[PDB]
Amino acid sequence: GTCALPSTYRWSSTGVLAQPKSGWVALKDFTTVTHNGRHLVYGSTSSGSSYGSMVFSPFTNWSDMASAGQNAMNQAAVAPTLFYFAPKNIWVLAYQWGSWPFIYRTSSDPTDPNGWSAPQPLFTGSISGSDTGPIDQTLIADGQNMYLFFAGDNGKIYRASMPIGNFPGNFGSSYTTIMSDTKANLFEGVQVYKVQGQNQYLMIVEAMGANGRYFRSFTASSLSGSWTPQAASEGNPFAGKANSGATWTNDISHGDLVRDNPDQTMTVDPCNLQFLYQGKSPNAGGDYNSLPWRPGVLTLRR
């Protein structure tokens, strides 16, 4: 019936799942749902000079991602979050960079990279001690409230909230600072999920380790509650070089746990946990913006 999250995570990994289309040096920052029995994946793109976004043509097996069409969005949605918002029967794509710090668009057909509505403000606030400003938003609702979580490349995690009845809409400028640590420990790539079958929420945050990017996990009993470190060191990570089972990459970086239910609750099944992540060749160097990031999938070994 129900499974619990392990205290120690062990994964197996695919190899590189796809190469970027001509003109891109990287595929990045994945968000994914199952839509009509197929994997639906949005991501950031990089040409090395600037970031854009794209969607893969829907595919049934991860092993077929390599042949999936890669469809550029004509208006960039960097570091996107995709979900179905059930109370209004509408799909939401939230992202960073444009007229506001965070932005969203809506659609009745999430497979179309250019079928999204006019951009609307999601968040208009500002944070201190950050070179980036607000970065890597995610959205998650319980039964009562819609939450915004984000990072700032600065060791902090931030949260905002509104009643679900007021979403889709603008969180405005206000936020709460919920976590504070070193820049390395709480860097970016924050994601939050409901653990199916448990009275528990799961937060993962990307950290900069000695050996590469990795994820630290935290749990809470409430989205407005305190977060308790779970697998939160480089030696005992949520997912990292230590436990990924990946050979092609020493980095486990910005992605999304695989969500079978596409809705706003961001529910994951702890019995069948999988992680769509970005990784890169250990030999790749140079400017961050030119790094050859690629998609991979981790599968939890039970």
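Residue indices: 1-based, along the sequence shown.
Stretches 142-150 and 208-216 differ in mean C-alpha B factor, with the higher average recorded for 208-216. The PDB entry reports B-factors from which the mean C-alpha value can be compared for 126-134 and 159-167; the larger average falls on 126-134. Going by the entry's values, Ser50 shows the largest Cα B-factor out of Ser50, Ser253, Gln264, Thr32. For the set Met179, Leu202, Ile90, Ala77, the PDB entry assigns the largest Cα B-factor to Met179.
Sort the chain's modelled residues by C-alpha temperature factor and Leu223 lands in the middle third, per the entry. Split the chain's modelled residues into thirds by C-alpha temperature factor. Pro121 is in the middle one. Among the modelled residues of its chain, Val192 has a C-alpha B-factor that falls in the lowest third according to the deposited record. Sort the modelled residues of the chain by CA B factor and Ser290 lands in the highest third. Per the deposited record, the Cα B-factor of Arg38 falls in the highest third when ranked against the other modelled residues of its chain.
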